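Raw contents of coords-v5.cif, mmCIF, C-alpha atoms and all ligand atoms:
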```cif
data_final
loop_
_atom_site.group_PDB
_atom_site.id
_atom_site.type_symbol
_atom_site.label_atom_id
_atom_site.label_comp_id
_atom_site.auth_asym_id
_atom_site.auth_seq_id
_atom_site.Cartn_x
_atom_site.Cartn_y
_atom_site.Cartn_z
ATOM 1 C CA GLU A 3 1.493 19.952 3.536
ATOM 2 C CA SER A 4 3.151 16.917 2.005
ATOM 3 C CA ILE A 5 1.771 13.472 1.232
ATOM 4 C CA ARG A 6 2.733 10.225 -0.444
ATOM 5 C CA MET A 7 -0.438 8.252 -0.878
ATOM 6 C CA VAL A 8 -2.343 5.758 -3.043
ATOM 7 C CA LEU A 9 -5.978 6.058 -4.282
ATOM 8 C CA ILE A 10 -7.873 2.773 -4.666
ATOM 9 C CA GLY A 11 -11.430 2.638 -5.963
ATOM 10 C CA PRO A 12 -13.656 0.993 -8.607
ATOM 11 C CA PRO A 13 -14.293 2.588 -12.006
ATOM 12 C CA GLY A 14 -16.487 5.605 -11.351
ATOM 13 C CA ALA A 15 -15.863 5.932 -7.579
ATOM 14 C CA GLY A 16 -14.508 9.436 -7.920
ATOM 15 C CA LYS A 17 -10.682 9.262 -7.929
ATOM 16 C CA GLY A 18 -10.213 11.786 -10.742
ATOM 17 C CA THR A 19 -12.807 14.083 -9.191
ATOM 18 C CA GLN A 20 -10.996 14.247 -5.815
ATOM 19 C CA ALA A 21 -7.319 14.175 -6.869
ATOM 20 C CA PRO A 22 -7.337 17.904 -7.833
ATOM 21 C CA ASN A 23 -8.479 18.615 -4.304
ATOM 22 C CA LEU A 24 -5.564 16.647 -2.941
ATOM 23 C CA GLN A 25 -3.146 18.278 -5.383
ATOM 24 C CA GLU A 26 -4.080 21.770 -4.331
ATOM 25 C CA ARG A 27 -4.012 20.875 -0.639
ATOM 26 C CA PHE A 28 -0.715 18.993 -0.565
ATOM 27 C CA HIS A 29 1.028 20.101 -3.757
ATOM 28 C CA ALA A 30 1.880 16.520 -4.667
ATOM 29 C CA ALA A 31 2.414 15.048 -8.142
ATOM 30 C CA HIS A 32 -0.753 13.359 -9.388
ATOM 31 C CA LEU A 33 0.390 10.174 -11.123
ATOM 32 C CA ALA A 34 -2.636 8.643 -12.806
ATOM 33 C CA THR A 35 -1.628 5.639 -14.857
ATOM 34 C CA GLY A 36 -4.834 5.835 -16.882
ATOM 35 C CA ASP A 37 -3.973 9.374 -17.905
ATOM 36 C CA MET A 38 -0.426 8.309 -18.797
ATOM 37 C CA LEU A 39 -1.726 5.522 -20.998
ATOM 38 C CA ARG A 40 -4.177 7.855 -22.683
ATOM 39 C CA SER A 41 -1.256 10.200 -23.309
ATOM 40 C CA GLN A 42 0.610 7.391 -25.039
ATOM 41 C CA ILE A 43 -2.507 6.764 -27.108
ATOM 42 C CA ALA A 44 -2.691 10.415 -28.288
ATOM 43 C CA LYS A 45 0.971 10.492 -29.367
ATOM 44 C CA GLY A 46 0.072 7.519 -31.520
ATOM 45 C CA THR A 47 2.903 5.479 -29.998
ATOM 46 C CA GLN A 48 3.113 1.690 -30.159
ATOM 47 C CA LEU A 49 2.628 1.204 -26.466
ATOM 48 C CA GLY A 50 -0.353 3.502 -26.861
ATOM 49 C CA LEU A 51 -1.977 1.584 -29.682
ATOM 50 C CA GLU A 52 -1.576 -1.702 -27.829
ATOM 51 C CA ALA A 53 -2.843 -0.317 -24.513
ATOM 52 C CA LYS A 54 -5.830 1.236 -26.294
ATOM 53 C CA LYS A 55 -7.193 -2.140 -27.418
ATOM 54 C CA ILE A 56 -6.892 -3.623 -23.907
ATOM 55 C CA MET A 57 -8.314 -0.564 -22.166
ATOM 56 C CA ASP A 58 -11.306 -0.560 -24.536
ATOM 57 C CA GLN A 59 -12.015 -4.206 -23.630
ATOM 58 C CA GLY A 60 -11.963 -3.529 -19.877
ATOM 59 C CA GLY A 61 -8.665 -5.351 -19.543
ATOM 60 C CA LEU A 62 -5.626 -4.530 -17.414
ATOM 61 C CA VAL A 63 -2.328 -3.511 -19.014
ATOM 62 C CA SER A 64 0.637 -5.665 -17.969
ATOM 63 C CA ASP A 65 2.373 -5.180 -14.637
ATOM 64 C CA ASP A 66 5.842 -4.890 -16.217
ATOM 65 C CA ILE A 67 4.770 -1.983 -18.341
ATOM 66 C CA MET A 68 2.957 -0.248 -15.517
ATOM 67 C CA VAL A 69 5.729 -0.718 -12.961
ATOM 68 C CA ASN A 70 8.334 0.655 -15.409
ATOM 69 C CA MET A 71 6.145 3.674 -16.165
ATOM 70 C CA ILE A 72 5.815 4.493 -12.478
ATOM 71 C CA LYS A 73 9.468 3.790 -11.664
ATOM 72 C CA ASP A 74 10.573 6.256 -14.284
ATOM 73 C CA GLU A 75 8.177 8.899 -13.042
ATOM 74 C CA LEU A 76 9.176 8.498 -9.391
ATOM 75 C CA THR A 77 12.799 8.705 -10.554
ATOM 76 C CA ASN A 78 12.927 11.352 -13.336
ATOM 77 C CA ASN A 79 9.944 13.550 -12.436
ATOM 78 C CA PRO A 80 11.060 16.390 -10.108
ATOM 79 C CA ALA A 81 7.527 17.239 -9.062
ATOM 80 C CA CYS A 82 7.532 13.897 -7.224
ATOM 81 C CA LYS A 83 9.937 15.255 -4.615
ATOM 82 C CA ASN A 84 7.226 17.141 -2.617
ATOM 83 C CA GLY A 85 5.170 13.949 -2.488
ATOM 84 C CA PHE A 86 2.784 12.092 -4.764
ATOM 85 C CA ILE A 87 -0.770 10.851 -5.330
ATOM 86 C CA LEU A 88 -0.834 7.483 -7.102
ATOM 87 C CA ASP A 89 -4.174 7.257 -8.858
ATOM 88 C CA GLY A 90 -4.879 3.870 -10.453
ATOM 89 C CA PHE A 91 -1.605 2.327 -9.356
ATOM 90 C CA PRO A 92 -1.149 -0.120 -7.830
ATOM 91 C CA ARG A 93 -3.932 -2.107 -9.486
ATOM 92 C CA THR A 94 -2.814 -5.656 -8.833
ATOM 93 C CA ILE A 95 -0.937 -7.353 -6.034
ATOM 94 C CA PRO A 96 2.338 -7.631 -8.006
ATOM 95 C CA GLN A 97 2.280 -3.914 -8.715
ATOM 96 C CA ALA A 98 1.583 -3.365 -5.024
ATOM 97 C CA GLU A 99 4.525 -5.532 -3.956
ATOM 98 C CA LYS A 100 6.909 -3.989 -6.492
ATOM 99 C CA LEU A 101 5.793 -0.497 -5.433
ATOM 100 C CA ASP A 102 6.513 -1.392 -1.812
ATOM 101 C CA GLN A 103 9.978 -2.509 -2.909
ATOM 102 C CA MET A 104 10.637 0.613 -4.910
ATOM 103 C CA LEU A 105 9.687 2.969 -2.095
ATOM 104 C CA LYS A 106 11.782 1.053 0.482
ATOM 105 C CA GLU A 107 14.842 1.556 -1.704
ATOM 106 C CA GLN A 108 14.135 5.206 -2.255
ATOM 107 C CA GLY A 109 13.433 5.543 1.463
ATOM 108 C CA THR A 110 10.056 7.204 0.898
ATOM 109 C CA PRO A 111 7.274 4.900 2.183
ATOM 110 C CA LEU A 112 3.558 5.433 1.590
ATOM 111 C CA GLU A 113 1.693 7.354 4.280
ATOM 112 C CA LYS A 114 -1.872 6.642 3.220
ATOM 113 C CA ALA A 115 -3.922 4.266 1.055
ATOM 114 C CA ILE A 116 -7.457 5.672 0.737
ATOM 115 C CA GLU A 117 -10.182 3.311 -0.439
ATOM 116 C CA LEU A 118 -13.173 4.992 -2.046
ATOM 117 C CA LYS A 119 -16.039 2.641 -1.146
ATOM 118 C CA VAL A 120 -19.154 2.767 -3.319
ATOM 119 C CA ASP A 121 -21.530 0.009 -4.469
ATOM 120 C CA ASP A 122 -21.417 -1.197 -8.101
ATOM 121 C CA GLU A 123 -25.042 -0.203 -8.892
ATOM 122 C CA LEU A 124 -24.192 3.449 -8.474
ATOM 123 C CA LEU A 125 -21.055 3.140 -10.575
ATOM 124 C CA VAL A 126 -22.945 2.321 -13.765
ATOM 125 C CA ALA A 127 -24.890 5.589 -13.778
ATOM 126 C CA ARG A 128 -21.654 7.469 -13.111
ATOM 127 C CA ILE A 129 -19.725 5.909 -16.046
ATOM 128 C CA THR A 130 -22.726 6.152 -18.397
ATOM 129 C CA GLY A 131 -23.093 9.897 -17.837
ATOM 130 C CA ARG A 132 -19.409 10.909 -17.748
ATOM 131 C CA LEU A 133 -17.899 13.484 -20.146
ATOM 132 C CA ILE A 134 -14.189 14.324 -19.940
ATOM 133 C CA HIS A 135 -12.159 17.173 -21.332
ATOM 134 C CA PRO A 136 -9.675 14.980 -23.134
ATOM 135 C CA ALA A 137 -6.832 17.513 -23.011
ATOM 136 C CA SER A 138 -6.687 17.339 -19.202
ATOM 137 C CA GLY A 139 -8.894 14.617 -17.761
ATOM 138 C CA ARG A 140 -11.509 16.930 -16.275
ATOM 139 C CA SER A 141 -14.606 14.793 -15.733
ATOM 140 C CA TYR A 142 -18.169 16.063 -15.776
ATOM 141 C CA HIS A 143 -21.415 14.144 -15.408
ATOM 142 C CA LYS A 144 -24.529 14.881 -17.415
ATOM 143 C CA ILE A 145 -26.847 14.471 -14.439
ATOM 144 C CA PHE A 146 -24.667 14.592 -11.338
ATOM 145 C CA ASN A 147 -22.153 17.288 -12.182
ATOM 146 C CA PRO A 148 -23.104 19.117 -15.406
ATOM 147 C CA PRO A 149 -21.113 21.473 -17.572
ATOM 148 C CA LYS A 150 -22.887 24.823 -17.738
ATOM 149 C CA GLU A 151 -21.935 25.020 -21.402
ATOM 150 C CA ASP A 152 -23.140 21.585 -22.365
ATOM 151 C CA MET A 153 -20.432 19.387 -23.807
ATOM 152 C CA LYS A 154 -17.999 22.206 -23.193
ATOM 153 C CA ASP A 155 -15.123 22.270 -20.753
ATOM 154 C CA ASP A 156 -16.612 25.236 -18.892
ATOM 155 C CA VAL A 157 -13.470 26.868 -17.461
ATOM 156 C CA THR A 158 -11.559 26.497 -20.763
ATOM 157 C CA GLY A 159 -14.147 26.402 -23.522
ATOM 158 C CA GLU A 160 -12.793 23.228 -25.154
ATOM 159 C CA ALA A 161 -14.981 20.288 -26.262
ATOM 160 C CA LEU A 162 -15.963 17.387 -23.986
ATOM 161 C CA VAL A 163 -15.862 13.755 -25.124
ATOM 162 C CA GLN A 164 -16.787 10.292 -23.914
ATOM 163 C CA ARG A 165 -14.039 7.880 -22.988
ATOM 164 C CA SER A 166 -13.815 4.909 -25.298
ATOM 165 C CA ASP A 167 -13.658 2.432 -22.438
ATOM 166 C CA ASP A 168 -16.814 3.871 -20.875
ATOM 167 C CA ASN A 169 -19.034 1.395 -22.674
ATOM 168 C CA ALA A 170 -21.215 -0.760 -20.410
ATOM 169 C CA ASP A 171 -19.594 -3.791 -22.014
ATOM 170 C CA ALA A 172 -16.097 -2.579 -21.040
ATOM 171 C CA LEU A 173 -17.642 -1.381 -17.794
ATOM 172 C CA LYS A 174 -18.734 -4.862 -16.752
ATOM 173 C CA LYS A 175 -15.241 -6.162 -17.495
ATOM 174 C CA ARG A 176 -13.715 -3.257 -15.646
ATOM 175 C CA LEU A 177 -15.693 -3.997 -12.436
ATOM 176 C CA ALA A 178 -15.096 -7.742 -12.439
ATOM 177 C CA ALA A 179 -11.365 -7.038 -12.792
ATOM 178 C CA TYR A 180 -11.528 -4.579 -9.946
ATOM 179 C CA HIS A 181 -13.076 -7.149 -7.664
ATOM 180 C CA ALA A 182 -10.851 -9.962 -8.892
ATOM 181 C CA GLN A 183 -7.537 -8.157 -9.118
ATOM 182 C CA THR A 184 -7.545 -4.776 -7.429
ATOM 183 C CA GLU A 185 -9.708 -5.214 -4.348
ATOM 184 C CA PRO A 186 -7.216 -7.672 -2.749
ATOM 185 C CA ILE A 187 -4.727 -4.793 -2.512
ATOM 186 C CA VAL A 188 -6.875 -3.215 0.217
ATOM 187 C CA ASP A 189 -6.044 -6.062 2.612
ATOM 188 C CA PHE A 190 -2.367 -5.546 1.835
ATOM 189 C CA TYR A 191 -2.561 -2.000 3.186
ATOM 190 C CA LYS A 192 -4.856 -2.937 6.053
ATOM 191 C CA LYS A 193 -2.109 -5.287 7.194
ATOM 192 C CA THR A 194 0.456 -2.465 7.199
ATOM 193 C CA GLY A 195 -1.914 0.002 8.800
ATOM 194 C CA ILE A 196 -2.112 2.808 6.202
ATOM 195 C CA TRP A 197 -5.596 2.042 4.891
ATOM 196 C CA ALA A 198 -8.598 4.319 5.469
ATOM 197 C CA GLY A 199 -12.009 3.861 3.882
ATOM 198 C CA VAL A 200 -14.009 6.766 2.463
ATOM 199 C CA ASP A 201 -17.737 6.795 1.562
ATOM 200 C CA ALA A 202 -17.623 7.680 -2.133
ATOM 201 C CA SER A 203 -21.379 7.312 -2.643
ATOM 202 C CA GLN A 204 -21.831 10.746 -1.108
ATOM 203 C CA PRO A 205 -21.637 13.928 -3.154
ATOM 204 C CA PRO A 206 -18.255 15.416 -4.119
ATOM 205 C CA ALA A 207 -17.793 18.036 -1.372
ATOM 206 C CA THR A 208 -19.045 15.609 1.241
ATOM 207 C CA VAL A 209 -16.555 13.002 0.002
ATOM 208 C CA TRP A 210 -13.706 15.531 0.146
ATOM 209 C CA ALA A 211 -14.529 16.546 3.730
ATOM 210 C CA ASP A 212 -14.496 12.862 4.619
ATOM 211 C CA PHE A 213 -11.134 12.707 2.832
ATOM 212 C CA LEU A 214 -9.504 15.490 4.843
ATOM 213 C CA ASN A 215 -10.901 13.976 7.982
ATOM 214 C CA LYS A 216 -9.356 10.646 6.963
ATOM 215 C CA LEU A 217 -5.928 12.117 6.166
ATOM 216 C CA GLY A 218 -5.757 13.597 9.650
ATOM 217 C CA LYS A 219 -4.894 17.094 8.392
ATOM 218 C CA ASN A 220 -8.299 18.735 8.016
HETATM 219 N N1 LIG A 301 -1.934 0.234 -12.934
HETATM 220 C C1 LIG A 301 -2.553 -0.244 -14.006
HETATM 221 N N2 LIG A 301 -2.385 -1.526 -14.311
HETATM 222 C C2 LIG A 301 -3.051 -2.026 -15.336
HETATM 223 N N3 LIG A 301 -3.862 -1.405 -16.167
HETATM 224 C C3 LIG A 301 -4.051 -0.136 -15.831
HETATM 225 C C4 LIG A 301 -3.447 0.510 -14.751
HETATM 226 N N4 LIG A 301 -3.851 1.857 -14.786
HETATM 227 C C5 LIG A 301 -4.691 2.004 -15.772
HETATM 228 N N5 LIG A 301 -4.837 0.803 -16.410
HETATM 229 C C6 LIG A 301 -5.705 0.597 -17.483
HETATM 230 O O1 LIG A 301 -6.316 1.817 -17.962
HETATM 231 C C7 LIG A 301 -7.738 1.663 -17.850
HETATM 232 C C8 LIG A 301 -8.320 2.991 -17.360
HETATM 233 O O2 LIG A 301 -7.805 3.367 -16.057
HETATM 234 P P1 LIG A 301 -8.277 4.614 -15.323
HETATM 235 O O3 LIG A 301 -8.382 5.713 -16.251
HETATM 236 O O4 LIG A 301 -7.445 4.745 -14.115
HETATM 237 O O5 LIG A 301 -9.661 4.315 -14.840
HETATM 238 P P2 LIG A 301 -10.478 3.662 -13.735
HETATM 239 O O6 LIG A 301 -9.632 3.244 -12.602
HETATM 240 O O7 LIG A 301 -11.329 2.588 -14.284
HETATM 241 O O8 LIG A 301 -11.320 4.827 -13.303
HETATM 242 P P3 LIG A 301 -12.231 5.916 -13.746
HETATM 243 O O9 LIG A 301 -11.332 6.905 -14.246
HETATM 244 O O10 LIG A 301 -13.277 5.398 -14.625
HETATM 245 O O11 LIG A 301 -12.855 6.495 -12.445
HETATM 246 P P4 LIG A 301 -12.790 7.647 -11.417
HETATM 247 O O12 LIG A 301 -12.993 7.098 -10.087
HETATM 248 O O13 LIG A 301 -11.558 8.402 -11.647
HETATM 249 O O14 LIG A 301 -13.837 8.613 -11.809
HETATM 250 P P5 LIG A 301 -14.286 10.023 -12.014
HETATM 251 O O15 LIG A 301 -13.696 10.927 -11.005
HETATM 252 O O16 LIG A 301 -14.121 10.416 -13.401
HETATM 253 O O17 LIG A 301 -15.762 9.978 -11.791
HETATM 254 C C9 LIG A 301 -16.683 9.180 -12.532
HETATM 255 C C10 LIG A 301 -17.961 9.956 -12.954
HETATM 256 O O18 LIG A 301 -18.796 10.134 -11.804
HETATM 257 C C11 LIG A 301 -18.838 11.506 -11.429
HETATM 258 N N6 LIG A 301 -18.817 11.775 -9.992
HETATM 259 C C12 LIG A 301 -17.676 11.710 -9.257
HETATM 260 N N7 LIG A 301 -17.836 11.752 -7.979
HETATM 261 C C13 LIG A 301 -19.177 11.862 -7.790
HETATM 262 C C14 LIG A 301 -19.918 11.922 -6.618
HETATM 263 N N8 LIG A 301 -19.346 11.802 -5.398
HETATM 264 N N9 LIG A 301 -21.245 11.888 -6.823
HETATM 265 C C15 LIG A 301 -21.743 11.898 -8.064
HETATM 266 N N10 LIG A 301 -21.134 12.071 -9.225
HETATM 267 C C16 LIG A 301 -19.815 11.923 -9.057
HETATM 268 C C17 LIG A 301 -17.889 12.242 -12.367
HETATM 269 O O19 LIG A 301 -18.319 13.589 -12.602
HETATM 270 C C18 LIG A 301 -17.759 11.353 -13.601
HETATM 271 O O20 LIG A 301 -18.770 11.604 -14.563
HETATM 272 C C19 LIG A 301 -7.849 0.507 -16.909
HETATM 273 O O21 LIG A 301 -9.173 -0.058 -16.936
HETATM 274 C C20 LIG A 301 -6.726 -0.464 -17.465
HETATM 275 O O22 LIG A 301 -7.084 -0.856 -18.776
#
```
Would you mind writing the file's structure down as structure tokens?
Amino acid sequence: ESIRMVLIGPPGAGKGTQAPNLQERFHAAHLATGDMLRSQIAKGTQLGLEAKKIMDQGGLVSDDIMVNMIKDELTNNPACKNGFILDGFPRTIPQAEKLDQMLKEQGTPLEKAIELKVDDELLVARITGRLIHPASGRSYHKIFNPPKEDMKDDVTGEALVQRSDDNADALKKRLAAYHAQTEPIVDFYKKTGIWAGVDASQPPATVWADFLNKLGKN
């Protein structure tokens, strides 16, 4: 029950929705670079204030920053000994190449790169209806996956918010960047044989079952 894997998917595909499933199953560190950035933002740090502007425009934060963030976490974070789930990294070919390098040196290569495949049309409704609990990252959807207490993080009472980069202006820039910059990474992993595609247009439980199936564990 150990995994070192990457999650690749467009904005809205369902990475943050499935990761908890993977965490519980494999007890791996969930390293979501979007969550790390948002953490910077909330501490009011300088890196956070600069990342915030770019994120809100549907831009990508620079590779150097993102590689250093991940290198430190792989290195100093003890929870990353059991294995890890990279969520949102790598996001560009250079990050992919540098990650490859890093893991060679550490002698812990990636086992799986799961692509969550889902058409762009669907992704707009998903991003438009999303509410997150900002003090965790718990995502809900107004239509597709409602809080019972509306606008309230059901299990823990706290208030739900919209993400600032979930504006359909940012969203268009987010998708174009995914196709232009991130999608090429999929071929990289196809060529090393650790890629598996998952149908992320299905509902959550059906996607997770497909996941297990694809990991070759369940
Ligand atoms: N490495 C890096 N390099 C450079 N810049 C970087 C970077 N990492 C981060 N950044 C930057 O930070 C920004 C944000 O990154 P990040 O936060 O990683 O966002 P993202 O990749 O754009 O992804 P999302 O979080 O929007 O999607 P998701 O697939 O996790 O969705 P969710 O599960 O919530 O689900 C979406 C919604 O749909 C719902 N839903 C989920 N699954 C289903 C289902 N199967 N059916 C129906 N409803 C569903 C949910 O309930 C929810 O409402 C980047 O754009 C860039 O600026």
Give me the residues within 12 Å of residue A:22 as a ChimeraX atom specification, counting all atoms listed in the file and dropping any in the same chain fewer than 4 places off. /A:16-18,26-34,87,89,138-141,206,210
Please report the interatomic distance between atom CA of residue A:170 and atom CA of residue A:15 in Å with one decimal.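 According to the coordinates, atom CA of residue A:170 and atom CA of residue A:15 are separated by 15.4 Å.
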Exactly which residues make up the result of the PyMOL selection byres (((chain A and resi 155) around 10) and not hetatm) on this file, given as a PyMOL selection string? chain A and resi 133-138+140-142+149-154+156-163
Residues just named, written with C-alpha atoms as a PDB file, in the frame of the given file:
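Saved file selection-v7.pdb follows:
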```pdb
ATOM      1  CA  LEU A 133     -17.899  13.484 -20.146  1.00  0.00           C
ATOM      2  CA  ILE A 134     -14.189  14.324 -19.940  1.00  0.00           C
ATOM      3  CA  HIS A 135     -12.159  17.173 -21.332  1.00  0.00           C
ATOM      4  CA  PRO A 136      -9.675  14.980 -23.134  1.00  0.00           C
ATOM      5  CA  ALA A 137      -6.832  17.513 -23.011  1.00  0.00           C
ATOM      6  CA  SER A 138      -6.687  17.339 -19.202  1.00  0.00           C
ATOM      7  CA  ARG A 140     -11.509  16.930 -16.275  1.00  0.00           C
ATOM      8  CA  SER A 141     -14.606  14.793 -15.733  1.00  0.00           C
ATOM      9  CA  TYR A 142     -18.169  16.063 -15.776  1.00  0.00           C
ATOM     10  CA  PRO A 149     -21.113  21.473 -17.572  1.00  0.00           C
ATOM     11  CA  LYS A 150     -22.887  24.823 -17.738  1.00  0.00           C
ATOM     12  CA  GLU A 151     -21.935  25.020 -21.402  1.00  0.00           C
ATOM     13  CA  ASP A 152     -23.140  21.585 -22.365  1.00  0.00           C
ATOM     14  CA  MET A 153     -20.432  19.387 -23.807  1.00  0.00           C
ATOM     15  CA  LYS A 154     -17.999  22.206 -23.193  1.00  0.00           C
ATOM     16  CA  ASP A 156     -16.612  25.236 -18.892  1.00  0.00           C
ATOM     17  CA  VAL A 157     -13.470  26.868 -17.461  1.00  0.00           C
ATOM     18  CA  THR A 158     -11.559  26.497 -20.763  1.00  0.00           C
ATOM     19  CA  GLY A 159     -14.147  26.402 -23.522  1.00  0.00           C
ATOM     20  CA  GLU A 160     -12.793  23.228 -25.154  1.00  0.00           C
ATOM     21  CA  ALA A 161     -14.981  20.288 -26.262  1.00  0.00           C
ATOM     22  CA  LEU A 162     -15.963  17.387 -23.986  1.00  0.00           C
ATOM     23  CA  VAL A 163     -15.862  13.755 -25.124  1.00  0.00           C
TER      24      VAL A 163
END
```
Contacts to ligand LIG 301 (chain A) at 7 Å cut-off (all atoms listed in the file) as number ranges by chain: A: 11-20, 34-37, 39, 56-57, 60-65, 68, 89-94, 128-129, 131-133, 141-143, 146-147, 176, 202-206, 209
Looking at only C-alpha atoms, which of A:97, A:217, A:173, A:6 is the one that sits closest to residue A:123?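 Of all the options, A:173 lies closest to residue A:123.
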Which protein, DNA or RNA residues have an atom at most 10 Å from (17.8, 6.4, -6.6), counting all atoms listed in the file? List them as JSON, numbers by chain. {"A": [76, 77, 78, 104, 105, 107, 108, 109]}
Let's have the selection written as a short mmCIF file (atom, residue, chain, number, x, y, z; two decimals), in the coordinates of the input, with C-alpha atoms.
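Result file is selection.cif:
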```cif
data_model
loop_
_atom_site.label_atom_id
_atom_site.label_comp_id
_atom_site.auth_asym_id
_atom_site.auth_seq_id
_atom_site.Cartn_x
_atom_site.Cartn_y
_atom_site.Cartn_z
CA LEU A 76 9.18 8.50 -9.39
CA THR A 77 12.80 8.70 -10.55
CA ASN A 78 12.93 11.35 -13.34
CA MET A 104 10.64 0.61 -4.91
CA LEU A 105 9.69 2.97 -2.10
CA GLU A 107 14.84 1.56 -1.70
CA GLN A 108 14.14 5.21 -2.26
CA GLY A 109 13.43 5.54 1.46
#
```
Hey, can you check how far atom CA of residue A:219 sits from atom CA of residue A:120?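 If I compute the distance from atom CA of residue A:219 to atom CA of residue A:120, I get 23.4 Å.
Run against this file, the PyMOL selection byres (((chain A and resi 49) around 12) and not hetatm) gives back residues 38, 39, 40, 41, 42, 43, 44, 45, 46, 47, 48, 50, 51, 52, 53, 54, 55, 56, 57, 63, 64, 67, 68 and 71 of chain A.
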Using Å and a single decimal, report how far atom CA of residue A:183 sits from atom CA of residue A:169.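 A separation of 20.2 Å between them.
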Taking all listed atoms of stretch 164-171 of chain A, build the axis-aligned box, pad each of the six sides by 5 Å, then write its centre and edge lengths in Å to one decimal as AutoDock Vina command-line options.
```
--center_x -17.4 --center_y 3.3 --center_z -22.9 --size_x 17.6 --size_y 24.1 --size_z 14.9
```
Counting only C-alpha atoms, figure out which residue out of A:84, A:180, A:201, A:74 gets nearest to residue A:215.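 The closest residue to residue A:215 is A:201.
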Counting only C-alpha atoms, figure out which residue out of A:4, A:103, A:59, A:220 gets nearest to residue A:171. A:59
